[PDB]
Amino acid sequence: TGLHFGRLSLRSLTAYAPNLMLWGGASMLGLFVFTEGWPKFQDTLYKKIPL
Amino acid sequence: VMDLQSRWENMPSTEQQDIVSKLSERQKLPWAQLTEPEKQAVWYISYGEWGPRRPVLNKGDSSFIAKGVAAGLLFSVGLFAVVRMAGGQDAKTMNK
Amino acid sequence: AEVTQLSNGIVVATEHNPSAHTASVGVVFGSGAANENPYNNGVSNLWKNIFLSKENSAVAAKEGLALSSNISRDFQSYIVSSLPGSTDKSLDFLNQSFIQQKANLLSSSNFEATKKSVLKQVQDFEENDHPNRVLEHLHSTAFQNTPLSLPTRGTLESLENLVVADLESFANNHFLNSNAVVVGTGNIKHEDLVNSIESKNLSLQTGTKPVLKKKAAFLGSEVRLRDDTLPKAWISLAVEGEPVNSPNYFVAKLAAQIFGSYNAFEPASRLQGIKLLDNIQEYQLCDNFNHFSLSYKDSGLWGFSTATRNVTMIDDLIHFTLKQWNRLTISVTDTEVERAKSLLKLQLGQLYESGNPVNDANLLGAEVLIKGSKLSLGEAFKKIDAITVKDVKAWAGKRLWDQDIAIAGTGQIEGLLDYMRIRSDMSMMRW
Amino acid sequence: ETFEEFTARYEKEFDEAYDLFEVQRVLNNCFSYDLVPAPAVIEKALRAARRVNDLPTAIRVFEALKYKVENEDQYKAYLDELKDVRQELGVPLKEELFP
């Protein structure tokens, strides 16, 4: 009847982690905004139809 | 006895009463001892504004009418501007 | 235990408790405070206090009959308690009190003395009972311009305009046959009560209470009754809750039970299993709070009322309480749900199965007026056991996560901030 | 067709009131012609309003003449003669009433 804790709970960690993956996704969308115009990233950044 | 009792003295405030017909049955006939705060009631109940004598356009609606006309006209002119402006006469200098 | 029910136009519903030593018998009408226009407001309170008038209570006490009454938003009740050998006497007294005559109760002297007494009681409620008048203003501003906003107690400006004609008009429109349930709880049998009602006639009226034009609709607002000459700061705060006959009734009550109630001066109340207490006990943010899940016929309320003396840290109280409310949508644990199950079983069995028969009569009358039959407590415990964490999260996302709130406060509520920061604190911005 | 035969013919048709919508219909049509109503016609109108057991139509005839009265001078003259007629009637102005 214990738990794996370090003041943060393992239940709490699995409760927040399906949102933390979306936080990583929105941060990658933020980098994809702020890093165009940089011609090194444009080897990857224009592929489908921004060209 | 035989006179009304300020049960609802602001009759133009609501006709949200379910049984207004009881209040219409309540009325009487001694003629000018009628307690004028409910001699308002017979004039309003018999001559107010609901159903018959309801204005065609409510106070809020007329501004909505003019607003919708201007919004539809703006959407039409904007749609005309963003459909086509392309490929006309040769040049302004040619007209000169 | 068992609840039976029969009909002849009236509805007879009982709870034969053979272990009890008394027997309450009374009529529970289906009109309440939510069936009044704002100009005859308080007429149900005045019927309560002419039924509990001195002459009527004296004639009741000659045979050993104690009277009781209750005015709620949905239901009135008029309960007569006696020994279990005097159910016929109680029925005949209730017959003589309401049905057979009302003009002797509605004499001039009795009505004027009772109007004086209720005007005194409403003024005493208005200027001395602060958390209840906060909750009444919370109802008056959550449901405003809508008949569920009217207080059960009545207002001083309306109640001094009532005369006997309004009492009789309300009686003719609301003390009816289909509107009423005659209730017998305690140590009486159902067959005895039905045979004794059929032995008399006891026909209240023809029937058909007026239908309200407007249904109840929640409206996010606030009202601030700031009085700097008071020692505390009372404040209620609620969202639109669940009405009765909803599938989310017990889920709303268990959500209220998760954060429970608290009293900062009791030692065993400071040690509860609430994660809000770790934030609230450090700088002594409040003296008490309670989370309520009020459920009416048309709508409901879910929120908390509180009182505090730390008038400079009211916003921290509201802040930590609402972040705990936001924990319901995102990350409420299993142990909090199990704890709320056990505590809600406990307080629900204390409420429905206390020893007092008049409270059983009020509850049974309200329930068989609204939903036609009383849900017994074993099926209620099965419905509480059926709740999972996903049900609570779905309910909190439906009703709590970024919804409008209604706020009422009095006292030294200057430390309470604007509406918009309290509204914007309903969603965390981190999820 | 003229003034006086109009007054006589429709007072004769007007003492056939006996009812609410009958007196209100004959008030409507005998008011809607192309001539201002005679004061004798409105005295018979107020007396028929006393006969038919109804007060707000006895208000309504006054705002009707307030529209049709075509000036303010004839309006004050009708206010004078109809004022002591109100004193023997008991009917209020709308401007005295404020609904």
# chains A, B, ... in the order shown; residues from 1 in each chain; ligands from 1
$ residues_around --residues "residue 40 (chain B)" --least-positions-apart "4" --cutoff "8 Å" --atoms "only C-alpha atoms" --output "list in words"
residues 11, 36 and 44 of chain B; 97 and 99 of chain D
$ interface_residues --of "chain D" --to "chain B" --cutoff "7 Å" --atoms "only C-alpha atoms" --output "list in words"
residues 53, 56, 90 and 99 of chain D
$ write_last_selection --atoms "C-alpha atoms" --output "PDB file, in the first residue's frame"
ATOM      1  CA  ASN D  53     -69.242  47.604 -17.677  1.00  0.00           C
ATOM      2  CA  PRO D  56     -60.203  50.990 -20.284  1.00  0.00           C
ATOM      3  CA  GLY D  90     -64.548  59.117 -12.908  1.00  0.00           C
ATOM      4  CA  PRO D  99     -48.629  53.404 -16.832  1.00  0.00           C
TER       5      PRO D  99
END
$ interface_residues --of "chain C" --to "chain A" --cutoff "12 Å" --atoms "only C-alpha atoms" --output "ChimeraX atom specification"
/C:327-335,389-390,393,429-431
$ write_last_selection --atoms "N, CA and C atoms" --output "compact mmCIF listing (two decimals), in the first residue's frame"
# COMPACT_ATOMS: atom_id res chain seq x y z
N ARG C 327 -7.49 19.98 -10.29
CA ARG C 327 -6.95 18.62 -10.21
C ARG C 327 -7.97 17.54 -10.51
N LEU C 328 -9.27 17.84 -10.44
CA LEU C 328 -10.28 16.83 -10.74
C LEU C 328 -10.28 16.47 -12.21
N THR C 329 -10.05 17.45 -13.08
CA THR C 329 -10.10 17.20 -14.51
C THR C 329 -8.89 16.42 -14.98
N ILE C 330 -7.72 16.70 -14.41
CA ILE C 330 -6.47 16.21 -14.96
C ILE C 330 -5.97 14.96 -14.25
N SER C 331 -5.85 14.98 -12.92
CA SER C 331 -4.99 14.01 -12.25
C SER C 331 -5.51 13.57 -10.90
N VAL C 332 -6.82 13.47 -10.72
CA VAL C 332 -7.36 12.96 -9.47
C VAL C 332 -7.00 11.49 -9.33
N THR C 333 -6.53 11.11 -8.15
CA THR C 333 -5.96 9.79 -7.94
C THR C 333 -7.05 8.79 -7.59
N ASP C 334 -6.66 7.53 -7.45
CA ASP C 334 -7.60 6.49 -7.07
C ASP C 334 -7.92 6.52 -5.59
N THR C 335 -6.94 6.86 -4.75
CA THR C 335 -7.14 6.85 -3.31
C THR C 335 -8.09 7.96 -2.87
N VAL C 389 -12.60 6.58 -11.63
CA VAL C 389 -11.87 7.84 -11.76
C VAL C 389 -12.20 8.50 -13.09
N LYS C 390 -12.42 7.70 -14.13
CA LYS C 390 -12.74 8.24 -15.45
C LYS C 390 -14.09 8.94 -15.46
N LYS C 393 -13.37 12.34 -13.91
CA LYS C 393 -12.66 13.20 -14.85
C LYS C 393 -13.57 13.68 -15.97
N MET C 429 -3.82 26.71 -17.45
CA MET C 429 -2.90 27.18 -18.49
C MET C 429 -1.67 26.26 -18.60
N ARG C 430 -1.54 25.26 -17.73
CA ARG C 430 -0.41 24.34 -17.74
C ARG C 430 -0.80 22.98 -18.29
N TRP C 431 -2.06 22.78 -18.63
CA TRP C 431 -2.54 21.51 -19.12
C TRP C 431 -2.95 21.63 -20.57
$ closest_residue --among "C:74, C:63, C:391, C:36" --to "chain B" --atoms "only C-alpha atoms"
C:36
$ residues_around --residues "residue 19 (chain B)" --least-positions-apart "6" --cutoff "10 Å" --atoms "only C-alpha atoms" --output "PyMOL selection string"
chain C and resi 173+209-212
$ write_last_selection --atoms "C-alpha atoms" --output "compact mmCIF listing (two decimals), in the first residue's frame"
# COMPACT_ATOMS: atom_id res chain seq x y z
CA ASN C 173 -53.06 27.70 -6.74
CA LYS C 209 -50.58 24.15 -10.08
CA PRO C 210 -49.58 26.91 -12.51
CA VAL C 211 -46.68 26.19 -14.85
CA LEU C 212 -43.65 28.47 -14.80
